[PDB]
Asker: 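I have a structure here, written as structure tokens, and I will follow up with some questions on it.
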Amino acid sequence: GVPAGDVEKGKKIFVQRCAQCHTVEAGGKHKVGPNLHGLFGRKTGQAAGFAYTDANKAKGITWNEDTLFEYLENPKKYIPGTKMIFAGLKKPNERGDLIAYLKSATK
Ligand code: HEC
């Protein structure tokens with residue numbers, strides 16, 4: 001599974017790599033990417049008000065630690081045709097820290 005991460009290290013990764021396109025809090029706005037509030041336990045393509053690709057909506061998995069850990073390593077391999085332009089976070093410790101941050105920040 002996915003080892004526990006450091007939320008402060010994960011917050012720094014989020015601001016430097018994700019915040020350009022995403023907010024996390026309840027009521028945060030959509031940007032190039034969807035607001036991520038309520039991410040854990042919900043299916044792909046479900047944030048109210050955001051226009052997703054068919055690729056994202058078709059994936060149909062439930063976001064959680066394990067699916068995020070795979071996705072964030074290589075987004076386009078996990079969801080071919082997604083419009084999220086993000087190379088990938090290769091290091092497992094960095095993915096784990098970011099995931100820990102998301103688990104709290106999107107609660
Ligand atoms: C803008 C250049 C982006 C960056 C940088 C990151 N993301 Fe993104 N993300 C973006 C878009 C346009 C979309 C929608 C893709 C589609 O095909 O419609 C997404 C989607 C995600 C998702 C899925 C959300 C869902 O509701 O299904 C996740 C979990 C996500 N993005 C996470 C994420 C993180 C943690 C990032 C930093 C490592 C990140 N994204 C960067 C656009 C952009």
Side-chain angles (χ1 to χ4, degrees):
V2 182
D6 178 325
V7 299
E8 289 180 274
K9 293 182 178 173
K11 179 162 43 168
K12 185 174 192 177
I13 295 163
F14 186 88
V15 298
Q16 293 188 352
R17 303 284 286 282
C18 315
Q20 167 202 351
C21 299
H22 291 283
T23 63
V24 290
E25 67 188 350
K29 63 179 182 180
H30 303 311
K31 301 173 76 168
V32 166
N35 170 263
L36 299 175
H37 184 253
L39 182 63
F40 283 65
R42 183 182 73 200
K43 291 194 169 58
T44 66
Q46 305 301 116
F50 185 82
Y52 289 94
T53 65
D54 277 0
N56 172 290
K57 287 178 289 196
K59 185 68 178 181
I61 58 81
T62 297
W63 290 121
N64 79 331
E65 292 86 340
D66 297 75
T67 57
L68 287 167
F69 191 74
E70 182 171 353
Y71 176 60
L72 294 169
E73 198 278 334
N74 189 339
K76 68 194 174 302
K77 185 178 179 182
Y78 193 63
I79 310 186
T82 182
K83 71 180 185 298
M84 173 158 146
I85 308 305
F86 179 72
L89 264 186
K90 305 306 179 180
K91 292 182 164 182
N93 74 294
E94 294 184 352
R95 283 181 280 150
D97 290 342
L98 176 58
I99 288 165
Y101 168 74
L102 292 171
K103 189 178 181 71
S104 290
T106 72
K107 185 166 280 184

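All values below come from the heavy atoms of this structure, side chains included, with hydrogens, waters and symmetry mates left out. Along the sequence shown, residues are numbered consecutively beginning with 1.
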Asker: How close do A47 and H30 get, heavy atom to heavy atom, and via which atoms?
Answerer: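 Heavy atoms only, the tightest pair is CB-CE1, 4.0 Å.
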
Asker: For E8 and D97: C-alpha separation, side-chain torsions, deciding distance, then whether side-chain contact (heavy atoms from CB on, under 4.5 Å) applies.
Answerer: CA-CA 8 Å; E8 289 180 274; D97 290 342; over 6 Å; no

Asker: Going from CG on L39 to NZ on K107, what distance comes out if it is rounded to the nearest 0.5 angstrom?
Answerer: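 These two atoms lie 13.0 Å from each other.
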
Asker: So, do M84 and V32 sit near enough that their side-chain heavy atoms are less than 4.5 Å apart?
Answerer: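 A side-chain contact under 4.5 Å is absent here.
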
Asker: Taking all heavy atoms of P75 and all of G88, pick out the closest pair and write down the distance.
Answerer: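 Reported closest heavy-atom pair: CD-CA, 4.0 Å.
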
Asker: Hey, which of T67, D66, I79, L68 is the one that makes side-chain contact (heavy atoms from CB on, under 4.5 Å) with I61?
Answerer: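 Answer to the side-chain contact (heavy atoms from CB on, under 4.5 Å) test with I61 among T67, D66, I79, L68: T67.
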
Asker: Quick one: which residue pairs count as a side chain to side chain donor-acceptor pair (under 3.5 Å) with a foot in residues 34-63, not counting sequence neighbours?
Answerer: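 Of all non-adjacent pairs touching residues 34-63, those that pass side chain to side chain donor-acceptor pair (under 3.5 Å) are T23-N35.
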
Asker: When rounded to the nearest 0.5 angstrom, what distance separates OH in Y78 from CG in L72?
Answerer: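 It comes to 10.0 Å.
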
Asker: With a 4.5 Å limit on heavy-atom distance, are the side chains of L102 and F40 in contact?
Answerer: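 Sidechains of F40 and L102: in contact.
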
Asker: Atom CZ in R95, atom CG in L98: separation rounded to 0.5 Å?
Answerer: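 So the CZ of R95 and the CG of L98 are separated by 10.5 Å.
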
Asker: Quick one: pull up OH in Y101 and OG1 in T106 and give me the separation to the nearest 0.5 Å.
Answerer: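 Answer rounded to 0.5 Å: 9.0 Å.
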
Asker: Which residues pass the salt bridge (charged side-chain N to carboxylate O under 4.0 Å, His left out) test with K103, sequence neighbours left out?
Answerer: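 With neighbours one apart ignored, the set is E65.
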
Asker: Counting only heavy atoms not in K77, do more than 12 sit closer than 6.0 Å to its NZ atom?
Answerer: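 No, NZ of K77 has 12 or fewer neighbouring heavy atoms, counting only those of other groups under 6.0 Å.
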
Asker: Is the number of heavy atoms from other residues, nucleotides or ligands within 6.0 Å of NZ (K90) greater than 12?
Answerer: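 Counting neighbours around NZ of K90, more than 12 heavy atoms of other residues, nucleotides or ligands fall under 6.0 Å, so yes.
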
Asker: Only counting residues at least two apart or in another chain, list the ones meeting salt bridge (charged side-chain N to carboxylate O under 4.0 Å, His left out) with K91.
Answerer: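 Partners of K91 under the salt bridge (charged side-chain N to carboxylate O under 4.0 Å, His left out) test: none.
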
Asker: If you round to the nearest 0.5 Å, how far is CD of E94 from NZ of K12?
Answerer: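 Reported value, rounded in 0.5 Å steps: 10.5 Å.
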
